[PDB]
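# Secondary and tertiary structure notes
Listed below are the residues making up each chain.
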2 protein chains.
Amino acid sequence: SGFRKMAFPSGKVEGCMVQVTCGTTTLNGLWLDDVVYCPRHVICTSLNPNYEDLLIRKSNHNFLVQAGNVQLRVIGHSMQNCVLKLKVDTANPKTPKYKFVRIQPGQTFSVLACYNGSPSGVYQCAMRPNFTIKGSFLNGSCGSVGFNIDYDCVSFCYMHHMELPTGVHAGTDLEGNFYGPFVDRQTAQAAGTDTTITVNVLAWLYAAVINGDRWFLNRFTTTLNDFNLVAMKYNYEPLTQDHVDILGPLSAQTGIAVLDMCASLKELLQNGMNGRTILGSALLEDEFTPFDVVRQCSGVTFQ
Amino acid sequence: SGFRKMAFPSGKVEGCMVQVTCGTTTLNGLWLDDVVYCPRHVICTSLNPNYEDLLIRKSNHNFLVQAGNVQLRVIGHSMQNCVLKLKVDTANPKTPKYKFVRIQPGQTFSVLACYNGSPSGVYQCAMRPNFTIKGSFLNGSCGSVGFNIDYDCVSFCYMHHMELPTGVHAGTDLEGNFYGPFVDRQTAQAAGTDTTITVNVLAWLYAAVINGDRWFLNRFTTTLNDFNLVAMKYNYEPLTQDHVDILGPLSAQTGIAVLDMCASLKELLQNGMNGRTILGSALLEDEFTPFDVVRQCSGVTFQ
Ligand SMILES: *[C@H](O)[C@H](C[C@@H]1CCNC1=O)NC(=O)[C@@H]1CC2(CCCCC2)CN1C(=O)OCc1ccccc1
Ligand SMILES: *[C@H](O)[C@H](C[C@@H]1CCNC1=O)NC(=O)[C@@H]1CC2(CCCCC2)CN1C(=O)OCc1ccccc1
């Protein structure tokens, strides 16, 4: 037992990380087969930057790619949306099985924070409803990726591009398409209002019950409509029948009907926690999906 | 910016993980050069188990070691305290530079949770003052290790052995010596009373200030003695002058004297948080060391 914010093992991704330098700008690239993927704002020059203009003015040799202490020769470049694709003369021998997938708000992933092509740390993140992520990123971390692992296959979902004024983070999928209404220029962009991921809170309440926290349970129940009236009032997003269905296995393992857990969440929203904690938190946690809870409270590995 | 519970990249450790089977018992082993390290309670037989007796009754071939889908031939075995050392005929070609270090309560490390020799997840843990760790471990996770990384060198500090009745976890250093007053038998052992790691709370308050949370600051100050009178009352462990010294760099970066931050912690203990949060937590967090804060709020990598 126990319940922790758990990231996927990062080794498969560590072997893909490289350093991309243009002029005085250095960030991280993702090296899969003979292509290095990186944010297009690495494109250097001596807001209003036209990246097509900037790139046509560039040569292959303007991009220095370092894989550890080995320099990768760039033989081609192209732009795909907000990412650069640097064709290199060497296929990465550590390329894992992978996919480029775009995730939904509410979904979680692991981030391998990197600087100068060197992995620094790994942590778990959720895509917020407003398409930001509450990450930990400093100068030079751009090009770090987010991912999930499913047996032996790495599903890359996120590449880091920028920080917004509230200290949250914005980026693209691996085809270069931004999550949310953000652009890779310097403007007055701001996150926009967020909501709490209701189905995830319920999943985490089920994790708590699995782990012996039961004090928040009650004998009351509620209808889905009646619950969603309360969710709206506390800035929780609506719960759908599909969310209820997704919570079925957790309901069945604990013997607590989904709508009964909703009754508990309702009382937690209306009353607070009265000095108590759930799974070591004094807040309702919304960054664990039902899959995350099942994975951890049952123990799936990856190879 | 941002602040997250960050683990070290796990790739160097993933390449050391193997599966050790004796009879019907399967757990994880750590394969470094030509030795596999694993908890001695894997020693199988068909509480009061005398492990010396059990081991002398065993043969090399009684231990099945699987490195992925490759079987490792055991050529020797020995007991060192509470760990088994299985000598195998093949040196692990992925052996990183490493050390076996024993950590202090208050210190943090990353855990690579493993099942059947296959890594499942990675998360950050602290050694509690009572020598337990609040982990996430299911059946089969024994032999998973905790570690820190310092440039290219892996400092192994923890190997997992058991769960205590409160759902917390106990284990050994890599020389087989238990952390805390626990034994690898089935008895009525229990964790024993814990305290909050004061110096770490202060480090995390400094992380908050670095990240823009300032509402808990105040103009008051306190003496070290006066602060420690309040710490005792709230089950915080005493703050020493060396803790104050260790917090110096964080003090200097923020311009907030250590004893001034103590005044803030004092008011937080006496008043609670009044519906506010710090770094996304409604509790005072004590599982980040001053080193962890500096590492994350400055960005050290590892290669
Ligand atoms: C890439 O390494 C870097 C990552 C930032 C630094 C601080 N936290 C992060 O996540 N990304 C940037 O600096 C991007 C690049 C930018 C200029 C070029 C076009 C796109 C946008 C500016 N930018 C950015 O994040 O600006 C906000 C910011 C916040 C704090 C510190 C520095 C910059
Ligand atoms: C090793 O994989 C396993 C890890 C446990 C299972 C549940 N959570 C964990 O961290 N360790 C054990 O099962 C140890 C072995 C034990 C018997 C042999 C001598 C030493 C102690 C019993 N034990 C244990 O953890 O018992 C408590 C427990 C708690 C919950 C479920 C099962 C067992």
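The PDB entry lists chain A under the name 3C-like proteinase nsp5, from Severe acute respiratory syndrome coronavirus 2. The record for the entry shows the title "Structure of the SARS-CoV-2 main protease in complex with inhibitor MPI37".

Residue and element names in this part refer to chain A. Taken as a whole and judged by the stated rule, the model has 20 aromatic pairs over all chains. Feature note: the residues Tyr37, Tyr98, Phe100 and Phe156 constitute an aromatic cluster, connected by ring pairs. Geometry around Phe8 places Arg295 over its ring, the cationic atom sitting 4.2 Å from the centre.

Residue and element names in this part refer to chain A. Tracing the backbone through its elements, the reader meets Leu268 in helix 7 (residues 258-271). The spatial distance from the C-alpha of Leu268 to the C-alpha of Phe216 is 7.3 Å, given a sequence separation of 52 residues. Those residues within four positions of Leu268 in sequence are excluded, and the remaining contacts are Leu205, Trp215, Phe216, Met273, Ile278 and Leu284.

All names here are of chain B. Taken together, the neighbourhood of ligand 2 is formed by 15 residues, with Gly140, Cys142, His160, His161 and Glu163 sitting nearest. A distance of 2.9 Å is found between an oxygen atom of ligand 2 and a backbone nitrogen or oxygen belonging to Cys142. Within the contact set of ligand 2, an oxygen atom lies 2.9 Å away from a backbone nitrogen or oxygen of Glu163. Protein contact buries 69% of the 630 Å² of open area that ligand 2 shows by itself. Partitioning the shell around ligand 2 into residue classes produces five nonpolar, seven polar and three charged.

Let's shift gears to the nonpolar core. The biggest cluster of nonpolar side chains holds 42 residues, and the ones touching the most others in it are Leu30 and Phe156 of chain A together with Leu30 and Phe156 of chain B. If near-sequence neighbours (up to four positions away) are discounted, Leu30 of chain A is found in contact with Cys16, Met17, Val18, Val35, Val36, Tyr37, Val145, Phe156, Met159 and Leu174 of chain A.

Right, let's get into the state of the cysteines. Residue and element names in this part refer to chain A. The full count for this structure, using the stated rule, is two disulfides over all chains. Paired through a disulfide, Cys22 and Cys44 show a sulfur-sulfur distance of 2.0 Å. Every disulfide takes its handedness from the sign of the S-S torsion; for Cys22 and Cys44 that torsion is -65 degrees, giving left-handed. Of this pair, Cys22 sits in strand 1 (residues 17-22) while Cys44 sits in the loop between strand 3 (35-39) and helix 2 (51-56), and the two are 22 residues apart along the sequence. Accessibility expressed as a relative area gives 0% for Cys22, which makes it buried. By relative accessible area, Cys44 is classed as buried at 13%. Among the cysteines around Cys157, which has no disulfide bond, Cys125 carries the closest sulfur, lying 9.5 Å off. Since its relative accessible area comes to 0%, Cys157 is described here as buried.

All names here are of chain A. Burial within strand 11 (residues 145-150) is extensive, with five of its six residues counted as buried. Taken together, the three bridges between strand 9 (residues 108-115) and strand 11 define a ladder with antiparallel strand orientation. Paired with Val111 across the two strands is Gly146, which belongs to strand 11. As paired elements, strand 11 and strand 12 (residues 153-163) share six bridges and run antiparallel to each other. Residue pairing for strand 12: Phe147 is matched across the bridge by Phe156. Linking strand 11 to strand 12, which pair antiparallel, is a turn of two residues; within it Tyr151 sits at a positive phi near 50 degrees.

To continue, consider the site of ligand 1. Residues and elements named next belong to chain A. Around ligand 1 lies a shell of 15 residues, among which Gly140, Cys142, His160, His161 and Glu163 are the nearest. At 3.0 Å, a backbone N or O of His161 approaches a nitrogen atom of ligand 1. In this structure, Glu163 approaches ligand 1 through a main-chain N or O atom, which is 2.9 Å from an oxygen atom. Relative to its free-state accessible area of 630 Å², ligand 1 is covered by the protein chains to the extent of 69%.

A separate point is helix 7 of chain A. An α-helix turns once every 3.6 residues. As a result, residues three or four positions apart point the same way. Residue and element names in this part refer to chain A. End to end, helix 7 covers 20 Å across 14 residues, agreeing with the expected 20 Å (1.5 Å per residue, within 8%). Every buried residue of helix 7 is listed here: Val258, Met261, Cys262, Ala263, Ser264, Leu265, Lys266, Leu268 and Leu269. Buried residues in helix 7 make contact with helix 3 (198-210), helix 4 (224-233), helix 5 (241-246) and helix 6 (248-254). Positive backbone phi, approximately 70 degrees, marks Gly272, located one or two places after helix 7.

Conventions we followed
In this view, residue numbering begins from 1 on each chain in the order the sequence is written and may differ from the entry, while residues that lack coordinates are not shown. To label them, take the chains in the order written and letter them from A, then take the ligands in the order written and number them from 1. Excluding hydrogens and water, the side-chain figures rest on all heavy atoms present in the structure. Centre distance within 6.5 Å is the pairing criterion for rings of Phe, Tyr and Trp, where only the six-membered ring of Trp is used; planes under 30 degrees apart are then read as stacked, over 60 as edge-to-face, and the remainder as tilted. By definition here, charges over rings are those cases where NZ of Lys or CZ of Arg is within 6 Å of the ring centre and within 35 degrees of the ring normal. Under the scheme used here, helices are H or I runs from DSSP no shorter than 4 residues and strands are E runs no shorter than 2 residues, and both carry numbers assigned from the N terminus. Two residues form a contact once any of their heavy atoms are found within 4.5 Å. Consider each residue's heavy atoms; a residue with any of them within 4 Å of a molecule or strand counts as near. Pairing of N or O atoms within 3.5 Å defines a polar contact, subject to two protein rules: one partner must be a possible hydrogen donor and the other a possible acceptor, and residues neighboring in sequence count only if both atoms are side-chain atoms. All accessibility values rest on the Shrake-Rupley procedure with a 1.4 Å probe; residue burial counts only the protein chains present in the view. The residue classification treats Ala, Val, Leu, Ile, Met, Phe, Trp, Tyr, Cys and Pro as nonpolar and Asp, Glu, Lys and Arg as charged. All others, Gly included, are polar. Buried residues of nine kinds, namely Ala, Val, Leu, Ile, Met, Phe, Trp, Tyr and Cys, make up a nonpolar core once their side-chain atoms join them within 4.5 Å. For every residue, the accessible area obtained with a 1.4 Å probe (protein chains only) is divided by the maximum for its type, and the residue is called buried under 20%, exposed over 50%, and partly exposed between those limits. Disulfides are defined as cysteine sulfur pairs within 2.5 Å. Two strands form a pair only when DSSP identifies at least two bridges running between them. Multiplying one less than the number of residues by 1.5 Å gives the expected span of a helix.

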